[PDB]
Amino acid sequence: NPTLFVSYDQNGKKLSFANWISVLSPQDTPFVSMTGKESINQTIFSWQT
Amino acid sequence: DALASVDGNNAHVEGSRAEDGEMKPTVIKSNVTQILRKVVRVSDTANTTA
């Protein structure tokens, strides 16, 4: 039987979750982000020199 | 219908007691359907190239 209702007897919360997630795992991929890409037809290929 | 081409003799002289007849019934044959199948597994590989 409270008489003040101070931030503890307030039933029916919402939990005010956030709208994001922190994936702190390392995703740094400089080699891949620097090297280009090219669409190849078949699995095997070759290059002259 | 099995026409029963067998003719023979069924003669009667002047008033012979009409026999009970020799009617022939029909014969029914029947068939059934077969099921065919052609399977293919190979994917779209063999394109190692670009």
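Whatever comes next refers back to the structure up there.
Caption draft 1: Inspection of the overall build of chain A at higher detail. A count of helical and extended segments in chain A gives one helix and zero strands. Projected onto the principal axes, the alpha-carbon positions of chain A cover approximately 85 × 20 × 10 Å. Residue burial in chain A is summarised as follows: out of 49 residues, 2% are buried.

Caption draft 2: Examining the interface of chain A and chain B more closely. Listed as interface residues are eight residues of chain A and, on the opposing side, five residues of chain B. Summed over both sides, the interface between chain A and chain B buries roughly 580 Å², with carbon and sulfur atoms accounting for 47% of that surface. When the buried area of chain A at its contact with chain B is split by residue, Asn41(A), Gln42(A) and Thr43(A) rank highest and sum to 81% of it. Between the two partners, chain A and chain B, sit zero salt bridges. At the junction of chain A with chain B, the criterion picks out 12 residue pairs in polar contact. For the side of chain A that touches chain B, a count of residues per class yields three nonpolar, four polar and one charged.

Caption draft 3: Representation of the side chain of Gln42(A) within the structure. Mapped onto the fold, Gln42(A) is located in the segment after α1 (30-34). Setting aside anything within four residues of it in sequence, one finds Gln42(A) in contact with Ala46(B), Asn47(B), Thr48(B), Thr49(B) and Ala50(B).

Thresholds, definitions, all that
- Residues numbered from 1 in each chain as written, not as in the entry; some residues may be left out.
- Chains lettered and ligands numbered in written order.
- Part of a larger assembly, values for the part shown.
- Heavy atoms only, no water.
- Helix = DSSP H or I, 4+ residues; strand = E, 2+ residues; numbered from the N terminus.
- Buried < 20%, exposed > 50% of the residue type's maximum accessible area, 1.4 Å probe, protein only.
- Contact = heavy atoms within 4.5 Å.
- Buried area = accessible area lost by both parts, 1.4 Å probe.
- Salt bridge = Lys/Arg side-chain N within 4 Å of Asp/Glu carboxyl O.
- Polar contact = N/O pair within 3.5 Å; in protein donor to acceptor, adjacent residues only side chain to side chain.
- Nonpolar A, V, L, I, M, F, W, Y, C, P; charged D, E, K, R; others polar.

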